[PDB]
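For reference, the structure discussed in these notes is given below.
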Amino acid sequence: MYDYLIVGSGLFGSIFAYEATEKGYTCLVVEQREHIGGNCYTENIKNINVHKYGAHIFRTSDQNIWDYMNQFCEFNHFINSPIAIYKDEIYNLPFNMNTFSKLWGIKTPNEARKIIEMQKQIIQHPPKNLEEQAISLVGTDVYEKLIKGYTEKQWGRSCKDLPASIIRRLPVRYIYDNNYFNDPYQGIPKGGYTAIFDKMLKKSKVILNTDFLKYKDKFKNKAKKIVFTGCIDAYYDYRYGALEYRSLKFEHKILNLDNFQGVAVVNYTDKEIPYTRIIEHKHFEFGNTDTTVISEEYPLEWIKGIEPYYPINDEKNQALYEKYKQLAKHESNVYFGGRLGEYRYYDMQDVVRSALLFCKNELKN
Amino acid sequence: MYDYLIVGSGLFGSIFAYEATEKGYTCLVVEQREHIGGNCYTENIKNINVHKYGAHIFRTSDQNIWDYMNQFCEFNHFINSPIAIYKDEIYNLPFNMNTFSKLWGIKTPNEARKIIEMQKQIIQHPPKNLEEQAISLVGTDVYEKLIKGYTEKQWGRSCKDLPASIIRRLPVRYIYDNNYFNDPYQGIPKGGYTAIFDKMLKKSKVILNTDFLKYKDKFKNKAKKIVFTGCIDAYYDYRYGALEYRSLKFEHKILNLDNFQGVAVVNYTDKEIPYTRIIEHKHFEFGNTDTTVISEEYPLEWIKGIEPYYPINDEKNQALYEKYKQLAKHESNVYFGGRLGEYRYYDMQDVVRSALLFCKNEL
Ligand SMILES: Cc1cc2c(cc1C)N(C[C@H](O)[C@H](O)[C@H](O)COP(=O)(O)OP(=O)(O)OC[C@H]1O[C@@H](n3cnc4c(N)ncnc43)[C@H](O)[C@@H]1O)c1[nH]c(=O)[nH]c(=O)c1N2
Ligand SMILES: Cc1cc2nc3c(=O)[nH]c(=O)nc-3n(C[C@H](O)[C@H](O)[C@H](O)COP(=O)(O)OP(=O)(O)OC[C@H]3O[C@@H](n4cnc5c(N)ncnc54)[C@H](O)[C@@H]3O)c2cc1C
Ligand SMILES: [N+]
Ligand SMILES: [N+]
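Protein chains in written order, with the entry's author numbering: chain B, 1 to 365; chain A, 1 to 363.
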């Protein structure tokens with residue numbers, strides 16, 4: 001019998017596993033996939049660390065969190081500066097002067113601001129939908145070329161058919177600066193993410209290719225306490241219904257050339273282009289090989305049983321989640337954590353913070 | 001047509017079978033297993049009588065019961081004195097001065113009593129769980145070393161997530177004495193338990209490898225009365241649901257050495273070790289052979305259909321049993337007995353007393 005049974009070997013489960021075993025507790029980690037790491041998992045393909053479940057760029061404003069992850073790796077100086085392709089046009093992300101000079105053929109911050117403000121102001125009443133919402137935030141030109149088609153692919157319907165709540169803010173900076181994240185600490189682990197999980201899970205017993213739910217009673221009996229980082233609704237047999245998600249599908253391709261797109265991340269904002277993004281993984285670690293691996297990111301219509309990527313978090317799903325959470329609060333020695341256990345989108349720094357806080361309260365002697 | 005159809009050849013079934021045949025009644029015994037004896041069954045393996053379904057040590061304070069079993073066998077003078085292994089440590093059971101001197105490095109009865117009674121007092125309220133219940137009775141040290149891990153494995157969860165009712169009492173004696181049982185009569189039948197059942201069932205027709213419920217039609221009106229020692233809920237097709245049990249799995253191993261652990265019963269009381277006990281069977285009859293048969297005893301998850309070892313006997317299941325008991329009181333010419341027929345843990349002596357009392361009223 002173990003001290004802890006941990007379901008899932010992602011960032012939350014692995015950090016807890018590491019912290020618990022460092023304090024002398026025994027941990028059994030049960031993982032359904034054929035590998036560890038969760039959605040942060042990287043696979044070495046043709047000497048390139050491939051972000052299998054989408055681009056993962058670590059960033060934080062918390063030095064303690066940054067220092068924590070540095071125990072397991074060294075971060076390079078990768079700066080995310082994504083490119084957006086719209087039909088035959090190409091723009092810099094995030095919305096900055098590089099974007100604005102290209103869009104309108106202007107040069108000064110005042111020129112850009114004048115156009116942004118005049119275009120935002122065509123909306124003179126509270127937005128009735130997502131289209132009016134986005135326009136009220138950044139104006140028509142930015143919306144049509146950089147937001148509209150991309151969003152309609154992600155959601156599978158017109159922005160006029162979508163609620164305004166989906167986009168709360170759209171930051172604009174009047175500086176020539178393509179730095180996507182404003183955080184002081186940013187980078188990619190040298191050697192990939194998976195090696196971090198190897199270190200975290202070294203003192204744990206890890207079982208792969210095993211769905212905990214297919215052996216629920218068997219595994220519960222193997223430990224005194226359970227940390228579940230899978231879907232909370234799935235743990236409770238979806239008895240109240242499945243918490244709604246949006247999904248994705250990645251098509252990975254090995255290409256016989258050294259440099260496909262010249263940047264790690266390219267957004268395709270035209271609705272007629274089926275993929276939302278193309279990821280060229282070698283640029284994450286400044287790779288110098290004669291071949292490259294790219295991943296085409298496709299929206300995938302979600303239903304129960306399909307990979308849960310982005311939680312919806314609307315009112316009805318939050319109400320549903322609170323019902324499951326109430327079940328959880330009354331099940332002693334079973335704890336739910338992570339993006340799936342708490343039905344929320346966690347940045348990596350957010351789950352590190354969440355995991356460590358749980359560790360501080362849970363782990364004693 | 002037989003006088004009696006007896007389902008099960010365990011202690012209850014076999015005693016009734018003996019008494020009935022002795023008084024000139026015809027008895028048909030239907031047993032689902034490949035052999036007789038029920039859970040008391042011993043198998044001769046490498047000239048060692050192996051207790052196949054767990055260590056079975058007969059004991060009683062009733063001379064009558066003891067004298068009754070002596071009709072079928074002779075008991076040796078085996079004294080049960082289990083050893084408890086916790087991590088790198090080793091202790092004597094039951095809780096006595098040998099235990100206490102090892103635990104605390106003390107020597108006198110009063111030195112031990114002072115510690116135990118001081119440690120017991122950290123629980124000032126009614127125990128909210130099994131952990132507090134154990135601690136309230138024997139203190140933290142005894143609980144952590146000899147009860148905690150052992151219990152966690154048996155139930156698959158922490159003791160503070162278990163009800164206090166699981167442990168009724170934990171006797172403590174301030175004497176240097178490793179005698180596990182306080183009974184004046186105790187021992188192991190020479191030649192094994194199976195030989196006893198052989199004698200009891202000699203005048204009965206015995207059918208093996210036959211699940212009565214599975215083939216109930218094949219035994220329609222083949223006897224006037226039925227004595228059922230199987231599960232009472234199973235007899236009634238689980239009309240109200242299944243009575244809950246805990247189960248066990250034994251891994252029997254043969255080793256080429258004369259003495260594996262130097263005692264019949266070793267309890268493993270830390271949760272890390274998967275088995276709860278290791279039984280070295282040759283010590284029950286003071287074996288002298290050059291090989292030994294041991295059995296690792298594992299707690300096994302119970303669902304409906306799994307071998308029923310220990311009844312839960314909580315409120316939910318007692319309410320369930322009472323429903324089935326009421327059905328039985330209206331079932332003409334059918335009687336239920338034994339641990340399974342009555343959903344109760346019985347010592348062997350209890351079954352003998354129970355069987356004979358039924359024989360008194362029926363025969
Ligand atoms: C498309 C996309 C892209 C990114 C990101 C998310 C998404 C959806 N993230 C967020 C990042 O992925 C996230 O922080 C972690 O996955 C969270 O770690 P967890 O342990 O919470 O879950 P995660 O989903 O990683 O791990 C859960 C694990 O549990 C397992 N599991 C589930 N059910 C099971 C079962 N029944 N039995 C056994 N195992 C089971 C799963 O297989 C999985 O391994 C990110 N963050 C950031 O800071 N920068 C970034 O660039 C990105 N990019
Ligand atoms: C692990 C363990 C350790 C024990 N240790 C001791 C001990 O040290 N000392 C002690 O005094 N007692 C001990 N006991 C108690 C003890 O074994 C009982 O007293 C004894 O088993 C009771 O006999 P019984 O006939 O009532 O039940 P059983 O012995 O189980 O007899 C029942 C028989 O009926 C059969 N049966 C069930 N269903 C059907 C069916 N549908 N068709 C045909 N046959 C069926 C079974 O196969 C079985 O053969 C222990 C019990 C266990 C479980
Ligand atoms: N406990
Ligand atoms: N233990």
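We treat Cβ as the ideally placed atom computed from N, Cα and C, and that holds for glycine.
Secondary structure at B/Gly-13: helix, using DSSP grouped into helix, strand and coil.
Secondary structure remark: continuous alpha helix (DSSP H) runs of at least 4 residues inside the region 75-131 of chain A, in chain order: 97-104 and 109-120. When secondary structure is reduced to three states using DSSP, A/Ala-223 falls in the strand class. For ligand 3, a non-hydrogen atom lies closer than 7 angstroms to the CB of A/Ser-158. If you look at B/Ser-354, you'll find it in the alpha helix (DSSP H) that goes 348-362. By the rule that beta-carbons nearer than 8 angstroms mark a contact, B/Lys-224 touches chain A. At a threshold of 7 angstroms, A/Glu-131 counts as near ligand 3, since its beta carbon sits closer than that to one of the ligand's heavy atoms. Per DSSP, reduced to three states, the secondary structure at A/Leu-243 is coil, with no helix or strand assignment. About 5 angstroms separates the beta carbon of B/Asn-129 from that of B/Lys-160, a gap short enough to meet the 8 angstroms contact definition.
Residues of chain A with a Cβ closer than 8 angstroms to the Cβ of B/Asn-333 are, in chain order, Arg-157, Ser-158 and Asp-161. For the region 254-287 of chain B, the beta-carbon criterion of a distance under 9 angstroms to any beta-carbon of chain A is satisfied by none of its residues.
At least one CB of chain B lies nearer than 8 angstroms to the CB of A/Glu-152. Counting along the chain, the unbroken beta strand (DSSP E) around A/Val-293 starts and ends at 292-300. In terms of Cβ geometry, A/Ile-116 and A/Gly-139 form a close pair [threshold 8 angstroms]. Contact fails between the region 170-177 of chain A and the region 320-327 of chain A, because fewer than three Cβ pairs, one in each stretch, are under 8 angstroms apart. Contact annotation: in the region 297-330 of chain A, residues whose CB is within less than 7 angstroms of a CB in chain B are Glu-301. Close to B/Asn-221, with beta-carbon spacing below 7 angstroms, are these residues of chain A in chain order: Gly-156 and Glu-301. The shortest CA-to-CA distance from B/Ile-48 to any of B/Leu-213, B/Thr-291, B/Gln-261 and B/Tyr-25 is the one to B/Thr-291. Per DSSP, A/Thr-60 lies in no alpha helix (DSSP H) segment; the continuous beta strand (DSSP E) that holds it begins and ends at 58-60. For B/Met-200, there are no neighbours in chain A by C-beta distance under 8 angstroms, as the nearest C-beta there is about 22 angstroms away. Proximity of the beta carbon of A/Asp-161 to ligand 4 is not indicated: no heavy atom of the ligand is located closer than 7 angstroms. Relative to ligand 2, the nearest heavy atom lies less than 7 angstroms away from the CB of A/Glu-31. Spanning the alpha carbons of A/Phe-16 and A/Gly-338 requires a straight line of approximately 11 angstroms. Spatial neighbours of A/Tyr-68 in its own chain (CB-CB distance under 8 angstroms, excluding positions within 5 residues in sequence) are listed in chain order as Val-352 and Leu-356.
Here DSSP, grouped into helix, strand and coil, assigns B/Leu-201 to coil. The beta carbons of B/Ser-204 and B/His-252 sit no closer together than 8 angstroms. Taking a C-beta distance under 8 angstroms as the contact criterion, B/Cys-40 and B/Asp-3 do not qualify as a contact pair. Under the Cβ distance rule, B/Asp-237 does not count among the residues neighbouring chain A, no pair being separated by less than 8 angstroms. With fewer than 16 neighbouring CB atoms inside 10 Å of its own CB, A/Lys-114 falls in the exposed class. Residues of chain A whose Cβ lies closer than 7 angstroms to the Cβ of B/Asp-217 are, in chain order, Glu-301. With a threshold of 16 other beta carbon atoms within 10 Å, A/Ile-65 meets it and is buried. The residues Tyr-268, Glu-296, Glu-297 and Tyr-298, in chain order, have a CB closer than 7 angstroms to that of B/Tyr-275 in the same chain once the five nearest residues on each side in sequence are set aside.
At least one CB atom of chain A sits nearer than 8 angstroms to the CB of B/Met-1. The alpha-carbon of B/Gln-154 is positioned some 58 angstroms away from that of A/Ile-135.
Residues whose Cβ lies closer than 5 angstroms to any heavy atom of ligand 4, listed in chain order: A/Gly-149, A/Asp-270 and A/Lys-271.
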